[PDB]
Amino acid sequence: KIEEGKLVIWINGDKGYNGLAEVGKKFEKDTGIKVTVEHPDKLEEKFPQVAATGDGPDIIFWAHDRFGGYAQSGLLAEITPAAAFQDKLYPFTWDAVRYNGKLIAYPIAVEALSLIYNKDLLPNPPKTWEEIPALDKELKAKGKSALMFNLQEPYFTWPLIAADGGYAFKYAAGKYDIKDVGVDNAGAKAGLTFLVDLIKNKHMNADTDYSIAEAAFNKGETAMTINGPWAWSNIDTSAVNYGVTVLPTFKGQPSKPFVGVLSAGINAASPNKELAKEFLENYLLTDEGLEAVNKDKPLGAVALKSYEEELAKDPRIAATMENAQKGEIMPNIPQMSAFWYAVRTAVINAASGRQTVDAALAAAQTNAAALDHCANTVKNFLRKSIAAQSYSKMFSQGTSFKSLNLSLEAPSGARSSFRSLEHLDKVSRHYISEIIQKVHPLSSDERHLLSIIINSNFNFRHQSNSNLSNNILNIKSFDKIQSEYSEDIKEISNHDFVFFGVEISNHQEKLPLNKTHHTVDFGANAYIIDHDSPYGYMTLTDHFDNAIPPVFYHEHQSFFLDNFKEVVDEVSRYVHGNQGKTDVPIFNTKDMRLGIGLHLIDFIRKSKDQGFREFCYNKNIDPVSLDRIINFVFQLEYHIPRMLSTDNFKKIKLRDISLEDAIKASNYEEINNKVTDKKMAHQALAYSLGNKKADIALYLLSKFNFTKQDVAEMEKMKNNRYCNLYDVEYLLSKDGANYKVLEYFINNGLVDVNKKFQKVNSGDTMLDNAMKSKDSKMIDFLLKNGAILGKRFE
């Protein structure tokens, strides 16, 4: 791409590219090697684009701040000047082109902004920014202005932003701290507010750019401008009698220009690195070469000691260096580009009125410091901490782990450390190694099937009769729901997990494939996510009940009873490890697919059903058949710590939710949709009492005005499974969970406390039920409200 035997040089259009071309023509006269000098627009953006593809110029010129980024991307050759050459340039200039200890460019000249002023209009230039409004007012009497300079590039406004305390990156612990940015501190806000006020008060115009300010100063329309040494040549060509001097102070502090070292880098893709070194060291960085460039457009304070000794006698150069000494050499770290972009936007928005200074600089701060990275670090850490809490609860409260060698001591502090998570990994490790040792000599068909499983994605399905989603899907763990336990729940203590069935996903069939988990349909709303969770864990069965049932219980029983034989009498079994029936294998998300595949291989290998084996070892088994097999041999159960909250899901309505299922799930949406008149309320109240949904019962009673006659009607509901069998008063009194409903019915005169049951336990009263349950509170309530004690003959 870059052609050998010539040198292409890129340099900004505001520099002396014709004088550089003369240096190139001398190089050609000595060597026969042509030098082409170009000045493309947006050079500092075009160079990394074309150079990343191995194209671009042999030599790129820019201020040094851009070069570390280039060096980090691999675009620059390391330069190799020896002691003699390095001694010809000022030491601080070499420091500007050092990146990660290596020299990545030749320094050319030091650039700093100065105040340039028209001596005929303004014989004594202002010492302070603060006096510029009054100077402008004086000059406006003759239609002239005090100051114009480029407001489109933040380089020119930075000296003022920095004057009272703004900074780019603080230097600390031997480097620029990329997370200590001073773009939105008090000093930066004060400087930019001063600029914005100059514009608001019509002393400057937000649209002024480089060309406009230059034309105005060089035609005598404005008394002052802010620019670098490269601009002096055009001022010389104009009539204007000008001076170059220290930038004005702000709040009594010097303006602090960011100082650039114009530098020449060699493209890492160049086949002309030796020619480029010869040109730069022995033609350009000489008295004659720099003089030709400088005569075209002044370079500033050149890096070459021998020429700078004379250039520094120039008061304009002395003033450049005085401003530089008040400022700061720019960092060359890769973060500079983003910094400049951020500040550019802030200046332009604040100058325009599109944003306030505070808002513009706040946004620039967040961009320049890259606070997204830190916010992500915080979020990831807190997610990991939540997961560790769930896993410590499981491993430290679950008695099954104590029966095995897998318990965790309760956490030392007020929360679990990440050890629980590490424990998980080790646990999964255990169950992986074991199963590997059981099937290590793997056959070709077994390896092919394991590979098919490894490369499969999963749908994770959670069914419910609750309304768990709107735009956001929110599923809460059992422990989280109640916090807003029986010994069976204590056996595993995974009740701070959300539970999912598992399906193969790479198919175009209607979702979900399966609607039951261990024969239970958990509800009409099937919520499906299609991606793993980093802290989930998988079991091959329900964790507490690891028994696969006979085939006539399975959801797709006819497929297996039709197509297979011996496997029908093998699949019903306990799925467990070496330590016995309660040795439930546990896999983390990393190890899931391997462990599933290996356990499937083991089952298939132990099978006498050759048709089944051949069905599984079909090299072109489609994912639906694969899911059939996995959901037959196993009841995979995936667990996600604490909660699932996401906008990335599918909801599939499998069927209507029945009234009783809605009542049982406290699905107020379905309940309100269904219970619109008094007969539906009769049904819904009976269902609430039968399922001990006291809150639902009280809601219904608040929405409808129940009467004695309503209770009489409820007694006639043979189509309701509860009132078909039981009296209303029986339902009110059978379980203490309905106490508050009973109270309601008694206090509002809806039931007779002494009504004798006419259905199950006929002749009894509510007091009989209360005494049977040993519900002291209900017993006492009934007796306080006139219950009869004892039973006489009629």
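Position 1 is the first residue in the sequence shown; the rest follow in order.
The modelled chain is continuous from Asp562 to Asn563, since every residue of the deposited sequence in that stretch has coordinates. As listed in the deposited structure, the average C-alpha B-factor of 228-236 and of 537-545 is greater for 537-545. Between 253-261 and 190-198, the higher mean Cα B-factor belongs to 190-198.
Across the residues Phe499, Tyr431, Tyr106, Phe169, the deposited record lists the maximum Cα B factor for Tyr431. Which of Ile266, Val343, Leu449, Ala319 has the largest Cα B-factor in the deposited entry comes down to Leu449. When the modelled residues of the chain are ordered by their C-alpha B factor, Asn769 lands in the lowest third. In the PDB entry, a CA B factor belonging to the middle third of its chain's modelled residues is recorded for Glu309. In the deposited entry, the Cα temperature factor of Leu511 places it in the highest third of its chain's modelled residues. Among the modelled residues of its chain, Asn748 has a C-alpha B-factor that falls in the middle third, as given in the PDB entry. Per the deposited record, the Cα B-factor of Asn294 falls in the lowest third when ranked against the other modelled residues of its chain.
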